[PDB]
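We name chains A, B, ... by the order of the sequence lines, and we start the count at 1 in each one. Every heavy atom of this structure was used, including side-chain atoms; hydrogens, water molecules and symmetry mates were not. One-based numbering, in listed order, for ligands and for the atoms of each.
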Amino acid sequence: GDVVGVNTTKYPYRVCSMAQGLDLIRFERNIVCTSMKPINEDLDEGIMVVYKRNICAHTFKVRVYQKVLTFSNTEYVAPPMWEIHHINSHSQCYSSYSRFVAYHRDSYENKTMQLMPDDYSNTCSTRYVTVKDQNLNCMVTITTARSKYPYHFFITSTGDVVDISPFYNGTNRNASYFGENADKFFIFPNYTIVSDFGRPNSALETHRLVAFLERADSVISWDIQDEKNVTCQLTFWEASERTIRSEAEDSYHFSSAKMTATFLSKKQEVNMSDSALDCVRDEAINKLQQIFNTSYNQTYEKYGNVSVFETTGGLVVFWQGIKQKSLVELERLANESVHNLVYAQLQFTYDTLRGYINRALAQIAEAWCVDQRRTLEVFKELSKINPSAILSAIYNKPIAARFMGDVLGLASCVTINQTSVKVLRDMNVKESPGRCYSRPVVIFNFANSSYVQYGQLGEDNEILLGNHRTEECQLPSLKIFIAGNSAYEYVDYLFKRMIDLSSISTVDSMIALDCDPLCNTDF
Amino acid sequence: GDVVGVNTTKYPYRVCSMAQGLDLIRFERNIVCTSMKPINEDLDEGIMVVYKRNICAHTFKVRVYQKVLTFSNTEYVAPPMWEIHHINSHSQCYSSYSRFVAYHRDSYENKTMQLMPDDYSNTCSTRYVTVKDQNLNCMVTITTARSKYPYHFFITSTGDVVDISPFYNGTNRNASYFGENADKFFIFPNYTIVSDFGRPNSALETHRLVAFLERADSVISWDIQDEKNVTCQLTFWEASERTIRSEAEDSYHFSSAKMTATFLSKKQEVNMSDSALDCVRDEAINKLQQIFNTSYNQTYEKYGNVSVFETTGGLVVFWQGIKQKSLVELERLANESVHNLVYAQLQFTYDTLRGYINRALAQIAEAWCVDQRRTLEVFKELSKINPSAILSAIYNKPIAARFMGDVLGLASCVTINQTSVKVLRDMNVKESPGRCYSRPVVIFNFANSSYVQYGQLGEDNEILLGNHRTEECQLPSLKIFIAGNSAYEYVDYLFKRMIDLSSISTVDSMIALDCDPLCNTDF
Amino acid sequence: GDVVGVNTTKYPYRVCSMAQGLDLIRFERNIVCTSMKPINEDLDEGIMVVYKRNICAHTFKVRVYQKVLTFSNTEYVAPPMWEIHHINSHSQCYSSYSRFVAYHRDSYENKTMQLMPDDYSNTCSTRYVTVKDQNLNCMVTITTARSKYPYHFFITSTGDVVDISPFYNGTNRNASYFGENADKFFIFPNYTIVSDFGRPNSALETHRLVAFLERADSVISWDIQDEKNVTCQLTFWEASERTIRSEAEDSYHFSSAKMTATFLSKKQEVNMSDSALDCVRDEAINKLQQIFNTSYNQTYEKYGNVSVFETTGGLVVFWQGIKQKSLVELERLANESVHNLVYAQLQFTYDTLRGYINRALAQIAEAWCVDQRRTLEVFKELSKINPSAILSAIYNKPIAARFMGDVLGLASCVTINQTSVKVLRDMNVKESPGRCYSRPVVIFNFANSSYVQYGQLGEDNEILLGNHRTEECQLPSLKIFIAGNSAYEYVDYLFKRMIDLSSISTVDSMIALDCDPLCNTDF
Ligand SMILES: *[C@@H]1O[C@H](CO)[C@@H](O[C@@H]2O[C@H](CO)[C@@H](O[C@@H]3O[C@H](CO)[C@@H](O)[C@H](O)[C@@H]3O)[C@H](O)[C@H]2NC(C)=O)[C@H](O)[C@H]1NC(C)=O
Ligand SMILES: *[C@@H]1O[C@H](CO)[C@@H](O[C@@H]2O[C@H](CO)[C@@H](O[C@@H]3O[C@H](CO)[C@@H](O)[C@H](O)[C@@H]3O)[C@H](O)[C@H]2NC(C)=O)[C@H](O)[C@H]1NC(C)=O
Ligand SMILES: *[C@@H]1O[C@H](CO)[C@@H](O[C@@H]2O[C@H](CO)[C@@H](O[C@@H]3O[C@H](CO)[C@@H](O)[C@H](O)[C@@H]3O)[C@H](O)[C@H]2NC(C)=O)[C@H](O)[C@H]1NC(C)=O
Ligand SMILES: *[C@@H]1O[C@H](CO)[C@@H](O[C@@H]2O[C@H](CO)[C@@H](O)[C@H](O)[C@H]2NC(C)=O)[C@H](O)[C@H]1NC(C)=O
Ligand SMILES: *[C@@H]1O[C@H](CO)[C@@H](O[C@@H]2O[C@H](CO)[C@@H](O)[C@H](O)[C@H]2NC(C)=O)[C@H](O)[C@H]1NC(C)=O
Ligand SMILES: *[C@@H]1O[C@H](CO)[C@@H](O[C@@H]2O[C@H](CO)[C@@H](O)[C@H](O)[C@H]2NC(C)=O)[C@H](O)[C@H]1NC(C)=O
Ligand SMILES: *[C@@H]1O[C@H](CO)[C@@H](O[C@@H]2O[C@H](CO)[C@@H](O)[C@H](O)[C@H]2NC(C)=O)[C@H](O)[C@H]1NC(C)=O
Ligand SMILES: *[C@@H]1O[C@H](CO)[C@@H](O[C@@H]2O[C@H](CO)[C@@H](O)[C@H](O)[C@H]2NC(C)=O)[C@H](O)[C@H]1NC(C)=O
Ligand SMILES: *[C@@H]1O[C@H](CO)[C@@H](O[C@@H]2O[C@H](CO)[C@@H](O)[C@H](O)[C@H]2NC(C)=O)[C@H](O)[C@H]1NC(C)=O
Ligand SMILES: *[C@@H]1O[C@H](CO)[C@@H](O)[C@H](O)[C@H]1NC(C)=O
Ligand SMILES: *[C@@H]1O[C@H](CO)[C@@H](O)[C@H](O)[C@H]1NC(C)=O
Ligand SMILES: *[C@@H]1O[C@H](CO)[C@@H](O)[C@H](O)[C@H]1NC(C)=O
Ligand SMILES: *[C@@H]1O[C@H](CO)[C@@H](O)[C@H](O)[C@H]1NC(C)=O
Ligand SMILES: *[C@@H]1O[C@H](CO)[C@@H](O)[C@H](O)[C@H]1NC(C)=O
Ligand SMILES: *[C@@H]1O[C@H](CO)[C@@H](O)[C@H](O)[C@H]1NC(C)=O
Ligand SMILES: *[C@@H]1O[C@H](CO)[C@@H](O)[C@H](O)[C@H]1NC(C)=O
Ligand SMILES: *[C@@H]1O[C@H](CO)[C@@H](O)[C@H](O)[C@H]1NC(C)=O
Ligand SMILES: *[C@@H]1O[C@H](CO)[C@@H](O)[C@H](O)[C@H]1NC(C)=O
Ligand SMILES: *[C@@H]1O[C@H](CO)[C@@H](O)[C@H](O)[C@H]1NC(C)=O
Ligand SMILES: *[C@@H]1O[C@H](CO)[C@@H](O)[C@H](O)[C@H]1NC(C)=O
Ligand SMILES: *[C@@H]1O[C@H](CO)[C@@H](O)[C@H](O)[C@H]1NC(C)=O
């Protein structure tokens, strides 16, 4: 018997599977704390923007053309290139394949066929077929592909690896890579492809350079683009409006009151007119200008130009120094030699105490590093037990991860029906007496699908697959498992009742007021 | 064989049992961080007091009248209401029960009997019996009962649930609830009850309205009181003396230097003359006044009246703005137009730099939120392994909790003899070779009791019951277990000796100075 | 089959073994938070140095003289005292032992023999033998010994315990201890010992008082030194240059912006001319003077003398108050009655706002205590799973520890060959089907040794010994284990390939930018 799940928005019912072992991540002791010695108090003030080196892989759309022969053996084969041109120009595919000849079931027509959407396809690998039989079929998949720097090869979402640079345009093999078979690669200038293969009549679109590669079981096509125009090696991390900077003999140390991180760099600057900054220069400059306009246009003035620094940790810093206007000007905006001396003394007092404040703020900012390093070690230790929760806490977004020894694998989640989730009432393992499930078993259905699947209920509405988590049936038992807006009581590994979530208090770490439980009476 | 435990004050030897699954608690991602954008520096200063919504259940005393028939079947039955009046007025009970008639062993007297204390009873369920035989007996238990808002039903410590509002006084069923059998409920104006049932002659006391309900096996009585007079939905959390507040277009943001939490509310205020604030208004007002008198009466002045705000997180804030007296007044307390201008310039400089300081403090206070959120996730992950330790760390008090899947159950601890704790010498499981106990087995005795109980030694002098924790006998073994002021060495799962606690160093996280261990010599 | 490890500097391949259960450590709730109530703003400023009570054991070199009889029974015996004098004066040992008489194999010479280094010996227990046969042999070990306060006994690295004070010089048994057999103890004034026993001719050195004790199987010798001259009960923890101090009615509270810890003491001072401060007085004084010279010689002046305080937590504080020079002097260094009044008003304004800043800084410093206490509880909970990692994070140095119930044992690591580390390809337990290793098995060799040892690969290049960690073979499997600069893929518990470390991203907690994994397609 069953009981029925309840929807939720940010954490939908989903099955998260590991990306074939490819998206690996690991913890490293990369937090280094260096306490600044001098108590020097003439610190500079300014606006700062921080960019991080882009490690994420460039993602681009590819097309995968195949024909399917069934006798359930399901042989996949490459369509001929003329048939590929038919598919790209007319969105139609011919009803035969020849190697000696085969046709759709009980047919000989070699007629043209109109491609139609496969409704079983997803937001990745959107698929089109000529015969909707979800014999011979013709199939076109449009899907993602990822390539990490250096872009000398790319891996498509279907797991095929191609040893060709996604930016090799047939005239730059000296600045790119090509490692696949030469006789099976074809670049086409001004190639015309239809907008949607599933439409009987679609708006044709011309693409500058389209590349094709004849795989063994497939033909893979992708649109060649300009590297410097589509890929940027720096990703904007964060802008700090109130930044202070202390100068050493060969170091600039940047601190921010709102940030728990301090940056350290050499006093030599980066050439701002360098090509590696081309995709972030204007953005960073305008970000600095915006922060000035909205915050310091009236009370401050720009001191120097924009200076680019490279942090010891690898970050890139764009710096705009700011200096507050004199107190005479500030007062005039808010509204004789002896009066000039009075204002000079006021300015000296103000500057001295402001430098004291800035030194104190810099020390406060430096005070966070040891705590951050120790919490990093805490995260590394806890990631062996629940890597998904730890990485979600670190990155402040729902992240699924799996433990792989000394590394973690990132996983991608497929949203399921959300209304087919049926939780089983009996958590006792009937197939093995003495063993009980750790979390309740769920019946669920994938989208646009009807085959009932059996998984196990996880946390945050996640559905688990594979080997079910089991344990010893330690009677008496009383467990409460939450899914959606609902809680399920299991007494002695059998479903008892529903529980209102309002009947369960939430831990408040900020306030931390506790309620006394019911007393016991030596019973 | 045995070895003897040693006392300790804050963590007495105790057995902690879960409150029947009723006192549930869970972790939720309830820490939300919203970084304030503007660097506006005209922040307000003031005193703040913060109250939290009262989630704890209202607790009130009830009386449970029963008679006990033994033939060990121990049938419990409801005493007749006239016998209830005898018990309440004379503290005496009649020696018979009729349904056809029964008496104390080998008796027919139907004599009156004087109630005497049951010394086996505790600080909860204090109990009185007529025959001290720890046959027919007469018994009166006085015990706690809890009711959560809305007070439409209450659960007594003995686990009986009653569907009657603890504040239904027989004339307000429109503003209360009554769901029990009507024929079995009786309210009595000006009911006279004795102070102590165990005293031969006690001081009688009149109670305005006393309610009785005839259960199947019991009669339950409670004193009806005024809701608004006995229940308060707001609990005082904390007062901040140095509070700063930044004003947005539709937000007030409160920060405190001593607090790691910042509050955010709309600029619309709460009506301070609202009935829901009646039980906290005067207290909060006097708290604000006290903080002013002891801290700001001389150097500051009150700016505005007391403003009540409702925080986005549900807290209630009482705010008193304060403004420091002019520097001329401060100097005069510490002790012409051109001199007025000089003092105006001094005041302008002071105000500008003070606003800078306040903005920096607000940013520092906001810097804690991400760290607090990540530590909340750390606590949630660690609470699956040791919920009691994690909740004790969060609430800064000894808390016992049990893991119940996606929730935690709060547990209540019964203090045991404290001198009957005998630790067994052999941690090897004799009943199953190859298995060994994880922690040493303890013989202990409950208070006022003699039946020896067998449990397992826990941490912080806790005694564990139920299924003993076991593991594989991984020889060689060397474990040291601490109870009281003493440490027990177990070598190869057999007790070796005592260990002086002074011979074991304590980890110092603040100082963190380490001592090198004895070197090894490739042996 | 095997695959070959790769070197690393800070974490060399090593085997870490627990120091016989002697170097115990435990977590205790020793962080106490006391929030200061008054908002009083006339805080003192000064330089502070903090020393901690020395808990580490005094370590001193000892010599262990033995003769070895083999018939593999390997009886160890004490050399006669005249032979001990021969060893100490000539670095030579006689070729016989008598109790009736024995000689080197097939010999009768009773000739003198020259001691030569045993190359199998380490940086601890450096060893010298007369016959290099790694029968009768003569052996001299030079090794460490530890004694904790009170120094009434010491334990040598070979584990022998001696009930004699390392500072008993034969004339101070009233201020020391002697508990070993009186007839077997001999102190020798101006004893001459050679610098190196392994050298044919070495530079003789005279030692004031050398003590010998005739053990059953050994003779143990050590050089008696002056306690007060070799042992210091206070260890320097840390110096704070910018320290603020708030005065209560019976308390001084010290805070530092760069520190997350605040200190609290009574206002009564420690006598700086006390003998217990003799080994830290000059150092602390000069440290204070250095901080003044390099930071405050120009802008500040010393206020009062050096005051020594004892913190409630047991720390020792040396305090130098500093007061900034008047603004007139500061301005003159940077470069009538009415002008004196103007400068007095400027100074009053500056002092008022500076006191406000100092009060805010003190509150900020106090804000860390609850977070530190909660993180201490987090560390205590996590140390049961991985004590070495937690203690390494706390002390910021590579520390190996073992779990021992309610305590942790510190362990010492022996560096191995570093080039003999061979990782096995098959992680499946051949001796028991259905069980698999948790981490890959390693073949390794100890230094100067050839017997191949079988251990298990740990983290940070650690080699594990004893019972191998095992688990269920949960196929399919894909694990990646890192050693040196290399990563090993194991698919289905069989070695697959090497993995470039650059292909694995590192978690960045400070920046926290995430890359999306490859999407899934309902497969
Ligand atoms: C079904 O009908 C279609 C046409 O209605 C046939 O397609 C034709 O197939 C031949 C090869 O069998 C193509 O010749 C190829 O031409 C390209 C240049 O365009 C050349 O590079 C190749 O080496 C080869 O010679 C021919 O172009 C193509 N007709 C088109 C594209 O209009 C198909 O063969 C028929 N199949 C069966 C099984 O009857
Ligand atoms: C033992 O002796 C006592 C008196 O010494 C007997 O108590 C009496 O019990 C009867 C019922 O059996 C009570 O009558 C009840 O009166 C109330 C009104 O007061 C009425 O609502 C009930 O319906 C019922 O008529 C009587 O009041 C009570 N006497 C008192 C309270 O003084 C008891 O029955 C004797 N038991 C035996 C087994 O002999
Ligand atoms: C091997 O030859 C050496 C000398 O070449 C012999 O050493 C001698 O041994 C005797 C004891 O057997 C030592 O006498 C002892 O003298 C000390 C005072 O020095 C005294 O306290 C003892 O009670 C004992 O009388 C003698 O000094 C020593 N000769 C030296 C040091 O030059 C050794 O006995 C020979 N062994 C064999 C097995 O032949
Ligand atoms: C193919 O790609 C190369 C770069 O790999 C292109 O060469 C660049 O062309 C632009 C535009 O003329 C120049 O500004 C760059 O300096 C060139 N860089 C290099 C390294 O050659 C080339 O133009 C592309 N070819 C086609 C046909 O699109
Ligand atoms: C920073 O890099 C730019 C180019 O990115 C350099 O500009 C060159 O300057 C020299 C000298 O004036 C000219 O002859 C070149 O034509 C410039 N190149 C370009 C592409 O404009 C600039 O000099 C560099 N700055 C430093 C300090 O090395
Ligand atoms: C029973 O309880 C009701 C409330 O539920 C009492 O009614 C309140 O009585 C006080 C005093 O007269 C008034 O100030 C309140 O306004 C009343 N409130 C309501 C909602 O009625 C009632 O007085 C109680 N009855 C007895 C007999 O004590
Ligand atoms: C806040 O609530 C109080 C009552 O709690 C309101 O007081 C009422 O004010 C009106 C207008 O003066 C009077 O006619 C009523 O008699 C008052 N009621 C009581 C119980 O005194 C007050 O007006 C409310 N304030 C706002 C801004 O709505
Ligand atoms: C043996 O040790 C004692 C201390 O235990 C030494 O006595 C100290 O000697 C110095 C130098 O004369 C004096 O300043 C100390 O006051 C003495 N202290 C005590 C407690 O006696 C003694 O001198 C040592 N003896 C030898 C022979 O070295
Ligand atoms: C602090 O201790 C020193 C000794 O360590 C004390 O100095 C003694 O002072 C008295 C009075 O002047 C002299 O008679 C002694 O000779 C001194 N002893 C030494 C060893 O010099 C000092 O008085 C102590 N201070 C306080 C406040 O008790
Ligand atoms: C592709 O189209 C553009 C625009 O018409 C043209 O300049 C270019 O020459 C075309 N390609 C080739 C290979 O001629
Ligand atoms: C800020 O203002 C300047 C002119 O003062 C302008 O050049 C710049 O583009 C502005 N930046 C913005 C609007 O982001
Ligand atoms: C800043 O840039 C201007 C040109 O825009 C240049 O004249 C000036 O010298 C630069 N600043 C410095 C400090 O050299
Ligand atoms: C999802 O489940 C509902 C309820 O069973 C069903 O009506 C609907 O067709 C399903 N949607 C799919 C399978 O796409
Ligand atoms: C209860 O006692 C009070 C005080 O004597 C009295 O006013 C009230 O009327 C009594 N109850 C009834 C129901 O008469
Ligand atoms: C504070 O002083 C005022 C008078 O200035 C008084 O009304 C108020 O009750 C006092 N608050 C206290 C003592 O808590
Ligand atoms: C504060 O309360 C007084 C009455 O006590 C009232 O006159 C005054 O207007 C209130 N404050 C404001 C800002 O309206
Ligand atoms: C507690 O134990 C002590 C020692 O056995 C015993 O004398 C005492 O009576 C006990 N107290 C009880 C059972 O209340
Ligand atoms: C040890 O040598 C010193 C220095 O020559 C000497 O003063 C002392 O008296 C010697 N020892 C004995 C016991 O004579
Ligand atoms: C600091 O300077 C003073 C003289 O002003 C000197 O006595 C003291 O030793 C110096 N301290 C050092 C150099 O550490
Ligand atoms: C500081 O020490 C000097 C002697 O160096 C002494 O005269 C002075 O009184 C001491 N300070 C105080 C505050 O007593
Ligand atoms: C360490 O291993 C290397 C490689 O096997 C070997 O040549 C060398 O002798 C070893 N060193 C020792 C055993 O001290």
Side-chain angles (χ1 to χ4, degrees), chain A residues 46-49 236 239-241 280-306 318-323 325 333, chain B residues 37-39 85 88-89 168-172 185-193 204-212 223-226, chain C residues 65 67-69 75 77-115 130-131 135-138 182-188 191-193 212-214 219:
Chain A
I47 312 162
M48 180 197 198
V49 309
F236 172 70
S240 183
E241 307 82 1
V280 289
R281 185 177 304 113
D282 292 0
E283 181 189 2
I285 290 182
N286 291 306
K287 199 116 49 182
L288 292 171
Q289 281 171 0
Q290 183 181 359
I291 298 172
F292 192 72
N293 300 358
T294 66
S295 302
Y296 307 110
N297 190 64
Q298 292 183 349
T299 296
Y300 292 65
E301 299 195 325
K302 289 180 178 178
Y303 180 58
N305 297 303
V306 176
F318 296 75
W319 173 259
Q320 180 62 64
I322 64 183
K323 191 170 178 64
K325 287 177 181 172
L333 270 42
Chain B
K37 181 58 58 175
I39 323 294
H85 288 66
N88 295 331
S89 306
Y168 172 60
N169 60 11
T171 62
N172 62 349
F185 181 73
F186 311 107
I187 302 171
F188 292 115
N190 295 304
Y191 201 67
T192 324
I193 319 180
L204 72 172
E205 180 174 359
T206 302
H207 307 245
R208 182 173 66 67
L209 282 185
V210 182
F212 295 75
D223 187 7
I224 310 170
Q225 301 187 1
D226 188 5
Chain C
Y65 313 88
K67 314 192 79 150
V68 188
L69 290 72
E75 182 178 17
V77 302
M81 285 301 299
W82 54 265
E83 198 178 297
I84 304 299
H85 288 66
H86 293 312
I87 294 171
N88 295 331
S89 306
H90 310 123
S91 71
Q92 303 211 0
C93 177
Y94 278 83
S95 183
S96 187
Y97 182 65
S98 179
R99 290 198 281 197
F100 173 79
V101 63
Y103 303 99
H104 304 175
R105 195 193 301 159
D106 301 344
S107 188
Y108 296 93
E109 295 279 23
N110 195 28
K111 65 180 185 176
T112 182
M113 293 289 296
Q114 182 57 53
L115 282 166
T130 53
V131 185
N135 190 39
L136 179 80
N137 202 350
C138 178
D183 196 22
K184 289 176 166 64
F185 181 74
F186 311 108
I187 302 171
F188 292 115
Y191 201 67
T192 324
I193 319 180
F212 295 75
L213 178 70
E214 299 189 74
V219 177

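At least one protein heavy atom sits closer than 4.0 Å to atom 11 (N) of ligand 14. Atom 8 (C) of ligand 11 is approached by the protein to below 4.0 angstrom, counting heavy atoms only. Remark: atom 27 (O) of ligand 3 lies closer than 4.0 Å to no protein heavy atom. Within 4.0 Å of atom 3 (C) of ligand 14, at least one protein heavy atom is present.
A donor-acceptor pair is defined here as one N or O able to donate and one able to accept, closer than 3.5 Å; no such pair exists between the side chain of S95(C) and the backbone of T112(C).
Which parts of ligand 3 touch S96(C) is read off a 4.0 Å heavy-atom cut-off, strictly below it: atoms 38 (C). Close approach of ligand 14 to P189(B) (heavy-atom distance below 4.0 Å) involves ligand atoms 13 (C). Shown in contact with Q290(A) at under 4.0 Å from a heavy atom are these atoms of ligand 11, numbered in order with element: 14 (O). Interface of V101(C) with ligand 3, defined as ligand atoms under 4.0 Å from a residue heavy atom, comprises 38 (C).
Using modelled atom types, one finds no donor on one side chain facing an acceptor on the other under 3.5 Å when comparing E241(A) with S295(A). Side-chain contact, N137(C) with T130(C): a donor N or O sits under 3.5 Å from an acceptor N or O.
Closest to atom 39 (O) of ligand 3, if we only count protein heavy atoms, is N110(C) ND2, 3.1 Å. Nearest protein neighbour of atom 1 (C) of ligand 14, counting heavy atoms only, is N190(B) ND2, 1.4 Å. The protein heavy-atom contact nearest to atom 5 (O) of ligand 3 is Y94(C) CE2, 3.3 Å.
Annotation: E75(C), atom CD; neighbour count of heavy atoms from other residues, nucleotides and ligands within 6.0 Å is above 12.
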Under the side-chain contact (heavy atoms from CB on, under 4.5 Å) rule, what do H207(B) and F188(B) come out as? Steps first, then yes or no, please. CA-CA 9 Å; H207(B) 307 245; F188(B) 292 115; over 6 Å; no

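Aromatic ring orientation, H90(C) versus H86(C): parallel (interplanar angle below 30°, classes split at 30° and 60°). Taking the six-membered ring where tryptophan is involved, the planes of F212(B) and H85(B) are essentially parallel, since the angle between them stays under 30° and well short of 60°.
The distance criterion of under 3.5 Å between nitrogen or oxygen atoms is met by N293(A) with respect to ligand 11.
Listed here is the closest heavy atom pair of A239(A) and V49(A): CB-CG1, 3.8 Å.
Nearest residue to atom 9 (O) of ligand 3 from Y97(C), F100(C), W82(C) is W82(C) (criterion: closest heavy atom). Ranked by closest heavy atom to atom 32 (O) of ligand 3, the top entry among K111(C), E109(C), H86(C), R99(C) is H86(C).
Here the side chains of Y103(C) and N110(C) are in contact, with some heavy-atom distance below 4.5 Å.
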